[PDB]
Amino acid sequence: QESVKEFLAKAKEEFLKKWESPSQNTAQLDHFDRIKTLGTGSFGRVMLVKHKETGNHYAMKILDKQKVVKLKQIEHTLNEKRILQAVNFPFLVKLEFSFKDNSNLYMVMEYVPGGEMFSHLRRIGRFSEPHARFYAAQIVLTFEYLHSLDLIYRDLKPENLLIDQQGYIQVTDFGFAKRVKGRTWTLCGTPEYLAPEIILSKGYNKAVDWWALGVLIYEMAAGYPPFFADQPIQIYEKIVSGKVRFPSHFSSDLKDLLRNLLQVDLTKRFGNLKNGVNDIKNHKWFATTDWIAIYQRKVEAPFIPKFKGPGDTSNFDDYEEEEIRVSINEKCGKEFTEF
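Take a look at the structure:
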């Protein structure tokens, strides 16, 4: 379809202009008030903040440089910020500012008060197929965009999909995203969502994203992931076995799509064939989907999150509120010169 081809051609031109000349140092810490911790990790946290002069709310991701080094995440964190400042798509959380100081790296992103899809899925149990399909279509379009820029996302899971005020998806966390024209080799991702070729330490490509879409659709529609087990070693054994059990309430169209996304042979997997993403968009399971209407956000969402305003944190959970310090001396300056 020429209009989609010309859209993606323009999208790539605009990405490459920002990719080759990244923005840096577009804000500073004392322009923001700290409100609440929204999430915590091994080397970073995400905070709700308020801009002092405008009053706007943002989500500020803060990474400790010394911990990033020790956890061997230097290239990944440079990847995350260079990609985020260059992309632009309706279902990607927008990066608004970035900066660094003696101790930390900061990415100030749009705040999505509806919270994670994971919380809503776990509250309700499972999504109906139309509800799962509405979200799945947004991920298909987002991966079509990212893959046309030669980007692999590599972190699809329900926790990284936030629900906005219109009930649409906003994808967050580009920590494992990478520009890859051929193969790449890093072991990363959450265990339930890893493709077999990652587990087997092969050189892999963008088809691992389409495998992960299969896992996400299964989990949305069933309430649990297809290769679930108590320990990661058992999860990995199931992933590479080539078998998967479908609930009887799954439609025949859903089972057929999932068999082709959860295809252990990457050269036979939907999204990685000669027709590319069109094998997915043309599948019978998506016959009711108006792809342009999804992109333009003209479809009524199945669910509108409940929240009181742009500063409401009730859809996120509670964490110990810990100090964020900035050392008198510069740490790891050379490693993060380009940030």
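In this note's numbering, the protein residues as written are 10 to 348. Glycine included, each C-beta is placed from N, C-alpha and C at the ideal position.
Pick from 218, 308, 241 that is closest to residue 272, judged by C-alpha positions:
Checking every option, the nearest Cα to that of residue 272 belongs to 218.
C-alpha gap between residue 334 and residue 110, whole angstroms
Residue 110 has its alpha-carbon roughly 10 Å from the corresponding atom of residue 334.
Nearest-angstrom Cα distance between residue 257 and residue 198?
For residue 257 and residue 198, the gap between their C-alpha atoms comes out near 29 Å.
Could you check what DSSP says for residue 113 in three-state terms: helix, strand or coil?
In the three-state reduction of the DSSP assignment, residue 113 falls in the strand class.
Residue from 196, 43, 108 with nearest C-alpha to residue 207:
Per the Cα distances, 196.
Could you tell me which residues DSSP puts in a beta bridge with residue 179?
Beta-bridge pairing by DSSP links residue 179 to 171.
Apart from the five residues on each side of it in sequence, which residues of its chain come closer than 8 Å, Cβ to Cβ, to residue 74?
Scanning its chain for C-beta atoms nearer than 8 Å, with the 5 sequence neighbours on each side dropped, one finds around residue 74 the residues 109, 112, 113, 114, 340, 341, 344, 345, in chain order.
In its own chain, which residues sit with a C-beta less than 7 Å from the C-beta of residue 138, not counting the 5 before and 5 after it?
Non-local beta-carbon contacts of residue 138 in its own chain, meaning distances under 7 Å to residues more than five positions away in sequence, involve 230, 260, 263 in chain order.
If distances are taken between C-alpha atoms only, which option among 241, 316, 295 comes closest to residue 325?
Looking at the Cα atoms, 316 is the closest of the given residues.
For residue 54, which of helix, strand or coil comes out of DSSP?
Three-state DSSP puts residue 54 in a strand.
Residue 43: first and last residue of the uninterrupted alpha helix (DSSP H) it sits in:
Residue 43 -> not in any alpha helix (DSSP H); beta strand (DSSP E) instead, spanning 41 to 49.
Hey, quick one: how far does the alpha helix (DSSP H) through residue 66 stretch, first residue to last?
The continuous stretches of alpha helix (DSSP H) do not include residue 66, which lies in the beta strand (DSSP E) extending over residues 66 to 73.
Work out the CA separation of residue 135 and residue 285 for me, nearest whole Å.
Looking at the two C-alpha atoms, the distance is approximately 29 Å.
In angstroms, rounded to a whole number, what distance separates the CA positions of residue 292 and residue 226?
One C-alpha to the other measures close to 14 Å.
On the DSSP letters alone, give me the boundaries of the alpha helix (DSSP H) that residue 287 sits inside.
According to the DSSP assignment, residue 287 belongs to the alpha helix (DSSP H) that extends over 287 to 290.
Leaving out five residues before and five after residue 88 in sequence, what residues of the same chain have Cβ atoms less than 7 Å from its Cβ?
So the list reads 186, 187, once near-sequence residues are dropped.
Residue span of the alpha helix (DSSP H) that contains residue 227, given as start and end:
Annotation for residue 227: the continuous alpha helix (DSSP H) segment containing it runs 216 to 231.
In angstroms with no decimal places, state the Cα-to-Cα distance between residue 168 and residue 15.
Here the alpha carbon of residue 168 sits roughly 33 Å from the alpha carbon of residue 15.
What span of residues does the alpha helix (DSSP H) with residue 149 cover, start to end?
Element bounds for residue 149: 138 to 157.
Between the beta-carbon of residue 298 and the beta-carbon of residue 142, is there less than 9 Å?
Yes. Within cutoff.
What distance in whole Å lies between the Cβ atoms of residue 106 and residue 96, which are believed to be in contact at a cut-off of 8 Å?
Actually they are not in contact, since the Cβ atoms of residue 96 and residue 106 sit about 16 Å apart, beyond 8 Å.
Of the choices 246, 312, 42, 76, whose alpha-carbon is the least far from that of residue 173?
For residue 173, the nearest C-alpha among the options comes from 312.
Inspect the beta-carbon positions of residue 81 and residue 104 and report whether they are closer than 9 Å.
Taking the C-beta atoms as reference points, residue 104 is found no nearer than 9 Å to residue 81.
Apart from the five residues just before and just after residue 336, which ones in its own chain have a Cβ nearer than 7 Å to its Cβ?
Excluding sequence neighbours, residue 336 sits near 111, 112.
Per DSSP, which residues does residue 60 bridge with? Please list them.
DSSP lists 41 as partners of residue 60.
Nearest residue (CA-CA) to residue 128, options 13, 228, 239
Cα-wise, what sits closest to residue 128 is 228.
Start and end of the alpha helix (DSSP H) containing residue 133?
126 to 133 is the span of the alpha helix (DSSP H), which, as asked, contains residue 133.
In three-state DSSP terms, what is residue 107?
The three-state reading of DSSP puts residue 107 in strand, counting E and B together.
I need the DSSP call for residue 340, collapsed to helix, strand or coil.
In the structure shown, residue 340 sits in coil (DSSP, three-state: anything other than H, G, I, E or B).
Taking DSSP as the reference, what is the three-state secondary structure of residue 278?
For residue 278, the secondary structure class from DSSP, reduced to helix, strand or coil, is coil.
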